[PDB]
Amino acid sequence: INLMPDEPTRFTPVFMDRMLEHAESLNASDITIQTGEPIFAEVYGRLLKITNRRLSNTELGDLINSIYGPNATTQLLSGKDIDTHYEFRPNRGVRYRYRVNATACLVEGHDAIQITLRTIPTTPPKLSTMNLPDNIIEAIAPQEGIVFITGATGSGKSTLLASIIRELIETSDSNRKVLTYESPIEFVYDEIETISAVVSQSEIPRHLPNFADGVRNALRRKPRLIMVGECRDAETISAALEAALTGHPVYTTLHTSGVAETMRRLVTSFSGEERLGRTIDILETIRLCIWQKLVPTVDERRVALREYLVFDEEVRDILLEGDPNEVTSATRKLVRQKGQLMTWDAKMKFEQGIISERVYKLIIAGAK
Amino acid sequence: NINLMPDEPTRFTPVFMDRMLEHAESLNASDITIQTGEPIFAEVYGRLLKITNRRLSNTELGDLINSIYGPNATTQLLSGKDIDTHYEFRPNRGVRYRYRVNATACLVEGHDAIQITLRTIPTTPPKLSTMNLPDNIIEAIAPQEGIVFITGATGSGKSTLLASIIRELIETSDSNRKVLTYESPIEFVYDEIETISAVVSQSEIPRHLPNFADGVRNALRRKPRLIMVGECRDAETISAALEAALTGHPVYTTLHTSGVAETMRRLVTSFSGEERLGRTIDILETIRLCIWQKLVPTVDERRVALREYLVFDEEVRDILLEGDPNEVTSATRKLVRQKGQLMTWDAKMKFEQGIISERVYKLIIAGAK
Amino acid sequence: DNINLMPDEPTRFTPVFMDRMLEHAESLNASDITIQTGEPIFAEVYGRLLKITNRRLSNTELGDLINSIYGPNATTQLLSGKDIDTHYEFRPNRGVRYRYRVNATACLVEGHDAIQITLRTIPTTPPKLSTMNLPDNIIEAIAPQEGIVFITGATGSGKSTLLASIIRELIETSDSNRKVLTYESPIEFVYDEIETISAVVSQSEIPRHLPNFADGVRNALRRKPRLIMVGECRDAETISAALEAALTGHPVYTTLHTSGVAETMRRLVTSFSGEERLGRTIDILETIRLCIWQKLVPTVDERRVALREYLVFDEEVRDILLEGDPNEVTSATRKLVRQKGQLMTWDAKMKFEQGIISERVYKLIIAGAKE
């Protein structure tokens, strides 16, 4: 609990950096700025006011425009949302990073803006911390094809991918041009400074219209690794399929829960006439699928369960030579024989005592 | 790990970029990547090497791109747009260097920034003798009719290969060949080759004719002796080319499938059940030759071409036509084993000859199974 | 020396000198003449390709030629990324007349956009029907009072020709009071030479004269034809237009890219969305009169021969098809080809015993169709 050392009479972007310094000195996870209200910081679950002035819609608009460009205000007034990234160096020391989100709300009967900065770590966690089977590590760096991390949002998939990239990039003799396309650019790799790799990070609302546009653009840049934050629609899926067929590792995430179910989503994304071709493409290209789920622990902290299949040459052949109409079933069997089920990982964790009995039984019930 | 340019400026200016480029070519770079907050990189033989020790500034890069494209280029990047263009320049020698350039906006250290990428554009088809090709391929490379597939990953030099084939069929006297090629982006041209009795028409598919398939269908209207289709991805183009071959025209195409048997599987599966059997017979009858090509590092730190090929003799084709169509893939495997040449076999031969590294050999063996 | 130079080669090539050069090429018995930017004019005589000029033509010359053949805006059309197909006739000093299919396509020469034109010689007159070697069934079925006749098959199966022959038969005979309207896109066959009494033939080219094949048919409905020729019916639009024309009571003749009578049926029925498609299907069944799928297969003589699988849609066939379940029309049709029609395989067999096709080829046909 503190107050800002030198609050300005009016808040200008220059002062926002100082305010952020103050918040970090307090160890704030999050900083919330709203028009009708003082600046708030959340330290350790408690919300504290870090300024004794209520800001103004003009001030907030200025802040957001500085952070995300001249048209940010107009974008908010159009009825859109802003997600971006903000970073600063206080004085040639360490650097401060943030995921920033501006949204329109209604304050005192008038349109206004609310901007939220969430502290994001500087470097992706190492892969060893992720606690991954050896199978996955062997499957994690294919020459070509698609790697999918699936699960409901807040499963920490972005973190995982970020980590893989770090691993793939940091090592010597990894001559990899990496191109990522991210809605919000969660992670940066400037600190890692690998010997023979480059990472170019393009933010989708700011730098390039679309995720699909992004990938198709990557095809023109001769990357060795392509990161697409999400592939929700069939355009992005098709772009990524071309990139993979072209011969480039593609890494993406999906909202689907379950490797077989994931397959079903991929195949159905396309109309009937396209769907057979599209399916052959997908089966050919896929290399690895992981569905991650964050579940509460006995310690009241979160743990990652994971159901994965590695799509070996053998698996891929099985799927391609078989009747396509039932890929979904086939994959379901294959995860059982060559992969790892969500229920199985849940049981392992339960025997380890990491998860509660009730949670385990829940997972078993859902998987049924 | 890092081969530096000779005369590195304090701040990088378009004049120097030209100098920087010649150097990269001297190193035999395919691609040059310039990014803010990073040194200039060149890809030589799949390895990335830094061409300078100095990290370029955003302003420098903006200047470069403005020079290559236009004054408004930086703004356009600020727009949230992508730049694709080309850059040519005339060295000391005068014979020009040219590149496909692409500038895209990214975020570097919290600030908007630019990345430019320059990709070398080959011009002149190799000679076929330089390709190092078995004789049984050379005998089979000029069928009267049917389809010749060069398959492999992008950047395996299949474009170069078929360019070389075309050169060979064009430059020989008494080769009365009207050649029509349809390619995504035209890379190889045949104006420099002198011909006595051949014509080559090159149509670019985004610019000149909407589809590859359209392109082929157009070729039929042009009545040439040889048809080149850059890629044959979907069942449309495959069907077009099947009609072209059934009519009586050599068709040459590429696929991204890895393996003769696998390529077969892709071709056959392209088609739904009711069309599927007919289409399959068509394919089997029309096929004349399949080469899957793979570029693999050598002892002297360069690259070499391994090839797994089958020549589809009349006998082979009969074998395939007699059999169960669902067993077409397997039968094809057997046929590459008996009458063709496997990727693994080529890898072994190269290893015994000392061209490929032991490690590399092992790696190759791993993949095929 | 594989060069046969043009008698009076101009300093720059202009359309008239194109006519003269064409004369020269005919004198050499050239099948095809290809003109390209940055290249001399070539003519193909039999196997051989021979340059007819020492000068390589400039892009502007070519553009002028094509504009002369196909309208001021031909160049711009090429630059759009489109492809030009048309037809070019010219009359020597002789009363005789020269006809070609012309095709112009855009290509890249020396790094610049350029043009390639190709003229392929066309005969003056459709073959006779008797030359076509058609069963008597088909000849009886070839001139219905109303309904649709489909000639289907892959490109290069000579369906266009066969159509031209039918039309020639129907216009040549006396007391055949037929106004014939064709919508051919590239017009390949002309009927000027036949010039018979009691028939008129109006041939409209689809790129040049009328936007679309469907537009073309709908236009024919306004002209009181007795016979309508549509080059192709890919669209549901064109199919619907032709269905209206047939329902009104006009013979319609078209081609399809599909292989097999049953398959052709499948395509026709599937063209239409679900709410429309049952009605659509009744219409189709009622209207159809004849389906011929044609395939050109090599002969022992190293020429080609035409195999045909046809069904004639008699009143009774049509009844069978209408009375049964709409959704399985394709299968019922499949059986009806077997029972009342003629299969590709059977024709292949008859040809083989006759010794027209080789064992291998016939063997192949059995393999594909049998499926």
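Values quoted throughout were computed directly from the atomic coordinates according to the rules given, and no laboratory measurement underlies them. We place every Cβ from the backbone using ideal geometry, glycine too, and count neighbours over all the protein chains shown.
Near the amide H of A:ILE286, under 5 Å away, which other amide H atoms are found, from residues 5 or more places off or on another chain, if H is placed in the peptide plane?
HN-HN under 5 Å from A:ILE286: A:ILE146.
How about A:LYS347: which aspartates and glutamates have a C-alpha closer than 13 Å to its C-alpha, ignoring those fewer than 8 places off in the same chain?
Qualifying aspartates and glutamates at Cα under 13 Å: A:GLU307, A:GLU357.
Using bins 10 angstrom wide from zero, how does P(r) for the protein assembly as shown break down, in % of all Cα pairs?
Answer for the protein assembly as shown: a P(r) of 2, 9, 15, 19, 19, 15, 11, 7, 3, 1, 0 percent.
Just going by the charge dipole of the protein assembly as shown, with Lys and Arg at +1 and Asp and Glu at -1 on Cβ, which of C:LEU290, A:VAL295, B:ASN28 is farthest out on the positive end?
Of the candidates, A:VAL295 comes out farthest on the positive side.
Taking 0.36 nm per residue of sequence separation and subtracting the Cα-Cα distance, how much length would be gained by fully extending the chain between C:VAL200 and C:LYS349, in nm to one decimal?
Residue separation times 0.36 nm, minus the Cα-Cα distance, leaves 49.6 nm.
Throw me the Rg/Rh for the range A:166-228, computed over C-alpha atoms with Kirkwood Rh, two decimals.
Rg divided by Rh gives 0.97.
So what is the relative contact order of the range A:1-122, in percent, for Cα pairs below 8 Å that sit 6 or more residues apart?
Taking the mean separation of contacting Cα pairs over the length of the range A:1-122, I get 23 percent.
Helix C:261-270 versus the longest principal axis of chain C: what is the Cα-based angle in degrees, 0 to 90, to the nearest 10?
90 degrees
Label points 7 Å out from Cα along the Cβ direction at B:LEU363 and A:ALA152: separation in nm?
Label-label distance for B:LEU363 and A:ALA152, simple model: 4.3 nm.
For each pair in A:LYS177/B:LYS348; A:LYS222/B:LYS294; A:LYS222/B:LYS127; B:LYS178/C:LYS82, compute the distance between the two Cα atoms and list the pairs where it is over 25 Å.
A:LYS177/B:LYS348; A:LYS222/B:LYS127
Return the long-range amide H neighbours of C:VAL200 (sequence gap of 5 or more, or a different chain), with a cut-off of under 5 Å between placed amide H atoms.
C:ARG178, C:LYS179, C:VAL180
How charged is the neighbourhood of B:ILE291? Take every other residue with its Cβ under 10 Å from the Cβ of B:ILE291, and add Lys/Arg as +1 and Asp/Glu as -1. Write out the running numbers ahead of the final one.
On the way: positive: B:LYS158, B:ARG307; negative: B:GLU308.
Spelling it out: positives minus negatives among the neighbours equals +1.
In debye to the nearest 20, how big a dipole does the range B:1-123 give about its Cα centre with +1 on each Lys and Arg Cβ and -1 on each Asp and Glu Cβ?
For the range B:1-123, the charge dipole is close to 280 debye.
Once you list every other residue whose beta carbon is under 11 Å from the beta carbon of C:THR161, what net charge do they have if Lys and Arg are +1 and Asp and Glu are -1?
+1
Name the GluC sites (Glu not before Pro) in the range A:290-368 that are in a loop by DSSP and that have at most 10 other C-beta atoms within 10 Å, would you?
A:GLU300
Rounded to a whole number of µm²/s, how large is the Stokes-Einstein D of the range C:1-124 at 37 °C and 0.692 mPa s, given Rh as the Kirkwood radius over C-alpha pairs? Please report the intermediate quantities before stating the final value.
Details: Rh = 14.6 Å.
My calculation gives 225 µm²/s for D.
Taking every pair of alpha-carbon atoms in the range A:140-252, what share in percent sits in each 10 Å bin, from 0 to the bin with the longest distance?
15, 51, 32, 3
Provide, for the range C:125-371, the number of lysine pairs with alpha carbons under 22 Å apart, each pair being eight or more places apart or on different chains.
24
Compute the distance in nm between two label points, each set 7 Å from the Cα along the Cα-to-Cβ direction, one at A:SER172 and one at C:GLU193.
Going from the A:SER172 label point to the C:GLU193 one covers 8.1 nm.
Output ³J(HN,Hα) for the range A:174-190: one whole-Hz value per residue in order, computed from phi by the Karplus curve 6.51 cos²θ - 1.76 cosθ + 1.60 with θ = phi - 60°, and x for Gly and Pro.
With the stated coefficients, the range A:174-190 comes to 9, 7, 10, 8, 10, 10, 10, 10, 10, 4, x, 6, 4, 10, 10, 10, 4 Hz.
When the Debye formula is applied to the Cα atoms of the range A:83-182, each taken as the same point scatterer, what base-10 log of I(q)/I(0) results at q = 0.10, 0.16, 0.18 Å⁻¹?
Taken in order of the listed q values, log10 I(q)/I(0) reads -0.44, -0.91, -1.05.
So what are the radius of gyration and Dmax for the Cα set of chain C, in Å?
Over chain C's Cα set, Rg and Dmax evaluate to 22.9, 72 Å.
Residue by residue, what Karplus-based ³J(HN,Hα) values in Hz, rounded to whole numbers, does the range B:45-56 have, using 6.51, -1.76 and 1.60 with θ = phi - 60° and x for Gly and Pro?
Along the range B:45-56, the couplings run 6, x, 9, 9, 10, 7, 8, 9, 8, 10, 7, 6 Hz.
Please list the non-local residues whose amide H lies under 5 Å from the amide H of B:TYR45, H modeled 1.01 Å from N, same-chain partners needing a gap of 5 or more.
Amide H neighbours of B:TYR45: B:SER30.
Would you kindly compute the Cα radius of gyration of the range B:250-369 and its largest Cα-Cα separation (Dmax), both in Å?
Rg then Dmax for the range B:250-369, in Å: 16.0, 52.
Counting only C-alpha contacts under 8 Å and six or more residues apart, can you give the relative contact order of chain C as a whole percent? Intermediate values should be presented prior to the final figure.
Working: 675 pairs, mean separation 44.1, N = 371.
This gives 12 percent for chain C.
For the range A:271-288, take each phi angle, set θ = phi - 60°, evaluate the Karplus expression 6.51 cos²θ - 1.76 cosθ + 1.60, and give the result in whole Hz per residue in order, putting x for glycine and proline.
5, x, 5, 6, 5, 5, x, 3, 6, 3, 3, 4, 3, 4, 7, 4, 10, 5
Using only atoms on other chains, find how many Cβ atoms lie within 10 Å of each Cβ of peptide A:202-209 and report the average.
5
Work out the mean other chain Cβ neighbour count within 10 Å for the residues of B:216-223 and drop it here as an integer.
Going residue by residue through B:216-223 and averaging, the value is 5.
If you take every residue apart from B:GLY273 with its C-beta less than 11 Å away from the C-beta of B:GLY273, what net charge results, scoring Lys and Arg +1 and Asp and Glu -1?
The answer is -2.
Based solely on its DSSP helices, what 222 nm [θ] is calculated for chain B when runs of n ≥ 4 H residues each add -39,500 (n - 2.57) and the sum is averaged over all residues, nearest 500 deg cm²/dmol?
So the calculated ellipticity at 222 nm is -11500 deg cm²/dmol.
What is the antiparallel percent of DSSP beta bridges lying wholly in the protein assembly as shown, to the nearest 5? Present the calculation step by step, with values, prior to reporting the outcome.
Numbers: 120 of 194 bridges.
Of those bridges, close to 60 percent are antiparallel.
What FRET efficiency would be calculated for the residue pair B:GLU109, B:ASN72, taking the C-beta separation as r and a Förster radius of 25 Å, to the nearest 0.05?
After rounding to 0.05, the efficiency reads 0.50.
Can you tell me the orientation of helix C:15-27 relative to chain C, as the angle in degrees between its alpha-carbon axis and the longest Cα principal axis, to the nearest 10?
Result, in degrees: 70.
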